[PDB]
S.K.: 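Quick one: the structure is below, and I'll ask about it shortly.
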Amino acid sequence: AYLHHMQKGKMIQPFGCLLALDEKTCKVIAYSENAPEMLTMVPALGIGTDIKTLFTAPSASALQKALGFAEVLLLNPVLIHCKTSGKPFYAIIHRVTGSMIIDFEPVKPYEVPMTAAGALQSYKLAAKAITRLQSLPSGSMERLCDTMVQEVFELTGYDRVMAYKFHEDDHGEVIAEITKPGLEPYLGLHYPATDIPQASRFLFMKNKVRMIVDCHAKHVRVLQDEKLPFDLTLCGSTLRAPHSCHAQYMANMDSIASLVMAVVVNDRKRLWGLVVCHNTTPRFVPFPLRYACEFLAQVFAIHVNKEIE
Amino acid sequence: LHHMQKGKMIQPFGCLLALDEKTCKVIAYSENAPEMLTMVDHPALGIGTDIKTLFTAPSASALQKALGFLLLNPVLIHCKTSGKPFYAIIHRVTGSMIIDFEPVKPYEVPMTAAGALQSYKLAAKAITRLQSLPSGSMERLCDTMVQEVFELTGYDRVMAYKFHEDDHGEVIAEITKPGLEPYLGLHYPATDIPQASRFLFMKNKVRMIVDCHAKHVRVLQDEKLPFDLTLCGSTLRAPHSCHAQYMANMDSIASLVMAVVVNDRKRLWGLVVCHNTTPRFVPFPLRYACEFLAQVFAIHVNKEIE
Ligand SMILES: *[C@H](C)[C@H]1/C(=C/c2[nH]c(/C=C3N=C(/C=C4\NC(=O)C(CC)=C4C)C(C)=C\3CCC(=O)O)c(CCC(=O)O)c2C)NC(=O)[C@@H]1C
Ligand SMILES: *[C@H](C)[C@H]1/C(=C/c2[nH]c(/C=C3N=C(/C=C4\NC(=O)C(CC)=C4C)C(C)=C\3CCC(=O)O)c(CCC(=O)O)c2C)NC(=O)[C@@H]1C
């Protein structure tokens, strides 16, 4: 049941908007319902729209040029400007067979001159983290995980950061934790397997970093071309809305916002666990920082697998 | 020392402005800056020009904020009429804020963040390969460093150049494109690298020369400025004429040099030296990534001695 509704991914979070394009025609074959408002000035946006009508000439050309690379050759994000408004967005591209799917995340105008500076700064901080993991003496899973949650806490600014390990019966245990002062600790607690369905663990193998900005936000529908006789697969989107059971789960534990990083060993390939960030209030972090976190989690996974041996 | 610090020439691949640390107005500029930044009241660019007349408002605001600091480089700026974009690289000296401007292709502006992330990722992967090395073999450590830099930077030749106790140098590792003659193993006199150059490398850890044959450009300053403006910290500083000549005879038209400073007790261990047969330019984000790679390399060198 869970996998169907997560794979189709027809509901997104409202912090961004989504377009899907036909690789052959470059025209819009699906869009989220908030996309006309975000990207135009309400020359419309609908099924069949050409993207050269929406963005400035260098922007349209950069996206058009992405159509011609293999996915492993995609460099994200792309900085685009809207043609009428001048509004800037980060465009995050991925491919599913003959479709190109694009997530658009807003950028503040005063942030634009700092886009390269901020990207370098995020990766530099992550790189300094990697050196401290590596400097650590071997022999203690506990010290390794403490160092990791401490580094992530400083890098990401969330109220709570946990290392969550899966046991062989698939139930989980919180084995390391750092929080801001007032909060209730979860260190040492065990949780049922069913708190994280099989389908979610499966998706984490491919989508290694997941952000939920606000569990109470009103989700937005994706509309697709009525001519299509199948559903598009949108689960690779950075914007996919959380299933309502989990959004209800979040509100109950006063984690209004979250950032989760998969820890995949032998990347025998196995989901060892998760690094779980919670925030009491809504929180957004831009793509370059999440991208750096993905690499930090990869290196962490190498050290985890070393200690096992 | 006094025609590297008080020498007033830059390489022509970019241009330079210096601004007064209080008024924010132009107190020095390279002779190529008017055509590069305005396309040639008053001559649009001279002593006393206000940066609000040169750049779009978001661009000028971002530079005003930097004068208020802490520095994250580079800043992406657009010129006011042309919309012509540059990377602005900022540093401070006692009297002034100095800005090096390196051009960006207008149609590449959408990919600036993407390219910066990719540069740092490749350097971060190189860092993990150095770390995973079994300790004990200085040869293996240095061979790995030159291989990674070669792949990252795309230069024709990459060598590790070690300083001996008498300050003479030795090439102890090297990788080149096929068919180039090796220099591995050669010893060179201490005088090839004067002490003044060594002292600069302590502060400016990455130095790029795009084309030893390029015609250098003068920096003009107000003659009543109560101090002498130094260019030691500019990414654009011209090579000394002895070295421009030294490079031509050895068919290194372009170079990229990384200092290797241990106990960063502080001493210059050596250099990672990249050479190219033809002119070569690499953008600031890649040089910035190389700086961190060089610091991490220095730590492993220091470990090997001990
Ligand atoms: C509804 C009947 C059942 C249900 C479904 C469900 N859960 C998830 C996803 C996650 N569940 C967790 C669990 C935890 N988070 C924590 O912080 C802790 C320790 C305090 C636990 C145990 C996590 C981390 C996830 C991943 C969330 C993410 O991707 O950010 C899903 C998938 C949701 C989606 O839309 O991707 C579903 C469907 N949960 C229940 O408890 C019910 C039994
Ligand atoms: C002129 C009278 C003397 C002189 C001066 C001089 N040298 C440098 C700087 C450098 N010299 C070297 C030397 C080498 N490069 C190599 O590739 C090799 C081995 C194959 C050697 C021995 C290097 C690497 C530098 C640094 C250059 C840089 O910053 O990119 C300077 C500094 C130039 C400047 O303006 O910074 C000067 C003045 N060289 C001679 O040979 C004379 C004896």
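So that the names make sense, note that chain A is the first sequence line, chain B the second, and so on, each numbered from 1.
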S.K.: Looking only at heavy atoms and a cut-off of under 4.5 Å, which of A/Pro113, A/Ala119, A/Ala292 has the most pairs with chain B?
M.R.: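 Of A/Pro113, A/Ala119, A/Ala292, A/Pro113 has the most heavy-atom pairs under 4.5 Å with chain B.
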S.K.: Tell me whether A/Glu142 at atom CD has more than 12 heavy atoms from other residues, nucleotides or ligands lying less than 6.0 Å away.
M.R.: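 Counting neighbours around CD of A/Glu142, 12 or fewer heavy atoms of other residues, nucleotides or ligands fall under 6.0 Å, so no.
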S.K.: Please round to the nearest 0.5 Å and tell me the distance separating atom OG1 of A/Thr115 and atom CG of B/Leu117.
M.R.: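 The CG atom of B/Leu117 is 9.5 Å from OG1 of A/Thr115, to the nearest 0.5 Å.
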S.K.: Can you establish whether the number of heavy atoms outside A/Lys208 located under 6.0 Å from its atom NZ is more than 12?
M.R.: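 Enclosed: over 12 neighbouring heavy atoms sit under 6.0 Å from NZ of A/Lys208.
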S.K.: With a cut-off of 6.0 Å (strictly less than), are more than 12 heavy atoms of other residues, nucleotides or ligands near NZ of B/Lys52?
M.R.: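 It does not: B/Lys52 NZ has 12 such atoms or fewer within range.
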S.K.: Of the listed residues (B/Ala113, B/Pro74, B/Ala62, B/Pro58), which shares the most heavy-atom pairs with chain A below a 4.5 Å separation?
M.R.: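 Of B/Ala113, B/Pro74, B/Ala62, B/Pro58, B/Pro74 has the most heavy-atom pairs under 4.5 Å with chain A.
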S.K.: Measuring heavy-atom distances to chain A, does B/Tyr288 have an atom under 4.5 Å in its side chain, in its backbone, in both, or in neither?
M.R.: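 Only the side chain of B/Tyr288 comes within 4.5 Å of chain A.
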S.K.: Quick one: CG on B/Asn73 to CE on A/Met114, what's the gap to the nearest 0.5 Å?
M.R.: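 Separation between the atoms: 8.0 Å.
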S.K.: Under 6.0 Å from the CD atom of A/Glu294, do we count more than 12 heavy atoms belonging to anything else shown?
M.R.: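 Atom CD in A/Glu294 is packed in, count exceeds 12.
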S.K.: Taking everything shown except B/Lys84 itself, do over 12 heavy atoms lie less than 6.0 Å from its NZ?
M.R.: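 Counting other residues, nucleotides and ligands, NZ of B/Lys84 exceeds 12 neighbours.
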S.K.: Answer whether the closest heavy-atom distance between the side chains of B/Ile127 and A/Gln134 falls below 4.5 Å.
M.R.: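 Answer no - side chains too far apart.
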S.K.: Tell me, for A/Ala57 versus chain B, whether the close heavy atoms (under 4.5 Å) come from the side chain, the backbone, both or neither.
M.R.: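 Both the backbone and the side chain of A/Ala57 come within 4.5 Å of chain B.
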S.K.: When you look at CD of A/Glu23, are more than 12 heavy atoms from neighbouring residues, nucleotides or ligands closer to it than 6.0 Å?
M.R.: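 Yes, enclosed.
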S.K.: With a cut-off of 6.0 Å (strictly less than), are more than 12 heavy atoms of other residues, nucleotides or ligands near CZ of A/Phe284?
M.R.: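 Above 12, so yes.
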S.K.: Given heavy-atom pairs under 4.5 angstrom as the criterion, report whether the side chain, backbone, both or neither of A/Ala127 touches chain B.
M.R.: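 Contact with chain B involves both backbone and side-chain atoms of A/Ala127.
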S.K.: Other residues, nucleotides and ligands only: do more than 12 of their heavy atoms fall within 6.0 Å of CD on A/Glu154?
M.R.: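 Result for CD/A/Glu154: open.
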S.K.: Within the structure provided, determine whether B/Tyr107 and A/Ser61 are in side-chain contact (heavy-atom separation under 4.5 Å).
M.R.: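 Touching, per the 4.5 Å side-chain cut-off.
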S.K.: So for A/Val78, is it side chain, backbone, both, or neither that comes closer than 4.5 Å to the heavy atoms of chain B?
M.R.: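 For A/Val78, heavy atoms of backbone and side chain both lie under 4.5 Å from chain B.
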S.K.: Mind ranking B/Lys121, B/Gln118, B/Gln295 by heavy-atom pairs under 4.5 Å with chain A and telling me who comes out on top?
M.R.: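 Among B/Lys121, B/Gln118, B/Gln295, the one with the most close pairs to chain A is B/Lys121.
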